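Laboratory data are not the source of any read-out in this text; all were calculated from the coordinates shown. In this analysis, Cβ positions are derived from the backbone assuming ideal geometry, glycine residues included, and neighbour counts consider all displayed protein chains.
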Amino acid sequence: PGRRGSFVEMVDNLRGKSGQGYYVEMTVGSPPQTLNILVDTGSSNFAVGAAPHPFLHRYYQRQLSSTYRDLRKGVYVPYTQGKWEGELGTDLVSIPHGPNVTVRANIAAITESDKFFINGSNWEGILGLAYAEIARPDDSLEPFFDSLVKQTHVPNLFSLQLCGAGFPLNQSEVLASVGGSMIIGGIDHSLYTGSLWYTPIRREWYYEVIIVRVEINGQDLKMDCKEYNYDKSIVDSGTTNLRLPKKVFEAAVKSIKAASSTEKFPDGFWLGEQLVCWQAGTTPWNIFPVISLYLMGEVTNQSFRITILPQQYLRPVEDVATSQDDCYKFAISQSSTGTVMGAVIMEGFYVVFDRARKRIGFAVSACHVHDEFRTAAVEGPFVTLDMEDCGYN
Ligand SMILES: CC(=O)N[C@@H](Cc1cc(F)cc(F)c1)[C@H](O)[C@H]1C[C@@H](OCC2CCCCC2)CN1
């Protein structure tokens, strides 16, 4: 059958890009104050700029909201990239291109920050979509999505289609372009092709999953599967890269270098610091390998795999000389806090965060970037044994 799209009001409600984040429009307070908010499945606090900042064009003004409630408590959140400090309160919140509901939610009003806001990102806050376990100050601060589900009839699920352009976008182009969809309360069948395959959420804190095998162009990386999930593996729209545990990163880059060895790239490229450029239209996608991550299935002893292309893990960037060349940075990097399946990997797929059934679904995205010879893929099943042993304790 033809796939129908039943969530038209929410399709195309995101803007942004992998490097600076994808955001959704929200309103806070009464009368409504419109703010653009970063969608972050890797944290659990809803927070907004609430004081002037050189990178903010607007911010939440609590004194102008008749529905604001002061919780008289400070909050601090330290992320990988940056950090902020603020003041807790609650207020009425809505998503204009979302469900037609208004809920009272916890809001951290950011008063101080460091390396948090991004110049020209066009967002002024963050929506942490993960679970209360990782909320600051503690798990008693109910996250936004929990409030939404408790106060309304919205089903306990959301899905994300992050759309990478495959070329650079300046601030103006981001403003005028659609960056994807966040479907709150459902799955929109127009956003993917093929089947949805589900992996269990191991524990409800981050959106933690278990990787059981890694291949580079079909070649098994052949590491003990616990290495892939040391000390966790998470699905995170708030991180740009695919980040891998140090040892896995070292093995994967050695394999990616070997597969792409018809061209030599500088160390700075592989360290994700330096861009590489090709003459317009000549990027040699075919010399770079595909990367497959096998994920634990819902059926005992079954796994499935998701496969990405270099069009996902090579992130388009503007040249230092703004020429006609096509330039990119390598968007796979090392981590000391486990695997992070960031935005550049989520760009290949429509990802379903099925909280009700404690599982994450993946399907090939209808907006993934590819070429005439290869596409991203989601395939299965594979008979995989002792998959629970892949989890790190
Ligand atoms: C690059 C990075 O830090 N991304 C942030 C969002 C983000 C985006 C951005 F543009 C600027 C930022 F400062 C932050 C994500 O949350 C990452 C961070 C890491 O979780 C940390 C814990 C710390 C304890 C509370 C829960 C979160 C995994 N998910």
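For Cα pairs less than 8 Å apart in space and 6+ apart in sequence, what is the mean separation divided by the residue count of the chain, i.e. the relative contact order in percent?
The normalised contact order for the chain reaches 19 percent.
Among the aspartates and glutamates, which fall within straight-line cross-link reach of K257, defined as a Cα-Cα distance under 17 Å, with same-chain neighbours fewer than 8 residues apart omitted?
List returned: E215, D220, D267, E273.
Pull out a ≥ b ≥ c, the square roots of the eigenvalues of the alpha-carbon gyration tensor of segment 319-393, then state rounded if a/c is under 1.5, prolate if not and a/b is larger than b/c, and oblate in the remaining case.
Verdict is prolate for segment 319-393.
Taking θ as phi - 60°, what are the ³J(HN,Hα) couplings along segment 231-236 by the Karplus curve (6.51, -1.76, 1.60), each to the nearest whole Hz, with x for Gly and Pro?
9, 6, 10, 10, 9, 9
What is segment 155-393 by shape, rounded, prolate or oblate, if you read a ≥ b ≥ c off the alpha carbon gyration tensor as root eigenvalues and call it rounded for a/c under 1.5, prolate for a/b larger than b/c, and oblate otherwise? It would help to have the intermediate numbers written out before the result.
Numbers: a/c = 1.80, a/b = 1.26, b/c = 1.43.
Note, shape of segment 155-393 comes out oblate.
Output needed: percent of Cα pairs per 5 Å distance bin for segment 123-226, bins running from 0 to the one holding the longest distance.
Binned Cα distances yield the sequence 2, 8, 12, 15, 18, 16, 15, 10, 3, 0.
Grab the other residues whose beta carbon is less than 14 angstrom from that of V383, score K and R as +1, D and E as -1, and report the net.
Combined, the nearby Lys, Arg, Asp and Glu give 0.
Among the listed pairs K150/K232; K222/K264; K232/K358; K115/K150, which have their C-alpha atoms separated by more than 27 angstrom in this model? Don't jump to the answer; show the numbers that get you there.
Values: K150/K232 29 Å; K222/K264 25 Å; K232/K358 17 Å; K115/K150 33 Å.
Over 27 Å apart, Cα to Cα: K150/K232; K115/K150.
Enter the Cα centre distance for the pair segment 80-151 and segment 281-319, rounded to the nearest angstrom.
Segment 80-151 and segment 281-319 have Cα centres separated by 31 Å.
Sorting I345, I184, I256 on the 10 Å Cβ count, fewest up front, what's the list? Don't skip to the end; give the middle numbers.
Working: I345 29, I184 25, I256 21.
Fewest to most other Cβ atoms nearby, the residues stand as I256, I184, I345.
Tabulate in residue order the Karplus-calculated ³J(HN,Hα) for segment 4-21, using 6.51 cos²θ - 1.76 cosθ + 1.60 with θ = phi - 60°, rounded to whole Hz; enter x for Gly and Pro.
Calculated HN-Hα couplings, in order: 8, x, 9, 10, 3, 5, 9, 5, 6, 8, 9, 9, x, 7, 4, x, 10, x Hz.
Using the Karplus curve 6.51 cos²θ - 1.76 cosθ + 1.60 with θ = phi - 60°, what ³J(HN,Hα) values do you get for each residue of segment 120-127, in whole Hz, with x for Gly and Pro?
With coefficients 6.51, -1.76 and 1.60, one gets x, 6, 6, 10, 10, x, 9, 10 Hz.
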